[PDB]
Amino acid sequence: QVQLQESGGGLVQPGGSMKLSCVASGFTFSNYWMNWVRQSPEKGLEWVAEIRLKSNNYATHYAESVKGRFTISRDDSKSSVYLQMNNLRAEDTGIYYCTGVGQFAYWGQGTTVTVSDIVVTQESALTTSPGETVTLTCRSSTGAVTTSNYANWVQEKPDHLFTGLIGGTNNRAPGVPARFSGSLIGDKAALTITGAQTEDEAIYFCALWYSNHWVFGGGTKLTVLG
């Protein structure tokens, strides 16, 4: 039971600043790249920044929506990652998560921040029943999804509890039940639940990698009925 614990959010004015923190345990923090991802009701799940390793001179990349404003840093001696957020705008409101590892196995519980061009497409909703086989899909506006997109799948359960299921197209994250698998089918990434269970009712997001950034899909609401 790996842990990522965020802190720092709050209720803030437009034009202001704040710094989020995140403290990791249970895995060799310093071997993995780390990311900040945020969720808002409008705009869904959105990758914000990544930081790589000491051996990469801690190189960073940012979403274009925050470049110039946000800075990601890490402190390997404290197994922590940080996000300094300057010049905040209403559109920055959301729940902020630090996440990483193969590539988005581990998520923090999230910290709320209230301030007051590739599209990745997923089915809005699918309905299944216990014991059925259900496949979710993830299409890119650029064209076919390939293994060079390192498709990830992540599950959101109540209350904003994220856990990574699949990385690198078809690698199950550690401890993920065997009923989940990843594939590429008809030039889309796909997640299959072979024998759906009632507890799999949840929201599922895919993430695809384009050279130096992640784009999340809008998520699929999976209902498990009966």
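Note that residue numbering begins at 1 and tracks the sequence as displayed. If you superpose the two forms and keep the largest set of C-alpha atoms that fall within 1.5 Å, you have the rigid core.
Novice: State which stretch is farther from the displayed form on average in 7 other deposited structures of this protein, 40-48 or 158-166, counting RMS CA distance after fitting on the rigid core.
Specialist: Checking 40-48 against 158-166 in 7 other deposited structures of this protein, I find the farther stretch is 40-48.
Novice: When you step from residue 116 to residue 117 in this entry, do you jump over none, 1 to 3, 4 to 9, or 10 or more residues of the deposited sequence that have no coordinates?
Specialist: The entry has a long gap there, with 10 or more residues left out between residue 116 and residue 117.
Novice: If you average the CA temperature factors as listed in the entry, which stretch comes out higher, 171-179 or 189-197?
Specialist: Stretch with the greater average CA B-factor: 171-179.
Novice: Read off the CA B-factors in the entry, average them over 214-222 and over 14-22, and name the higher stretch.
Specialist: Comparing 214-222 with 14-22, the higher mean C-alpha B-factor belongs to 14-22.
Novice: Looking at 133, 152, 122, 77, which has the highest Cα B-factor in the entry?
Specialist: Among 133, 152, 122, 77, the PDB entry lists the largest C-alpha B-factor for 77.
Novice: Would you mind checking where the Cα B-factor of residue 27 ranks among the modelled residues of its chain, as the lowest, middle or highest third?
Specialist: As the PDB entry reports it, the C-alpha B-factor of residue 27 lands in the highest third of its chain.
Novice: C-alpha B factor of residue 39, ranked within the chain: lowest, middle or highest third?
Specialist: Tercile = middle for this residue's CA B-factor.
Novice: How does the C-alpha B factor of residue 63 compare with the rest of the chain: lowest, middle or highest third?
Specialist: Top third by C-alpha B-factor.
Novice: Against its chain's modelled residues, does residue 128's Cα B factor rank lowest, middle or highest third?
Specialist: Lowest third.
Novice: Using only modelled residues of the chain, where does the Cα B factor of residue 138 rank: lowest third, middle third or highest third?
Specialist: Tercile = lowest for this residue's CA B-factor.
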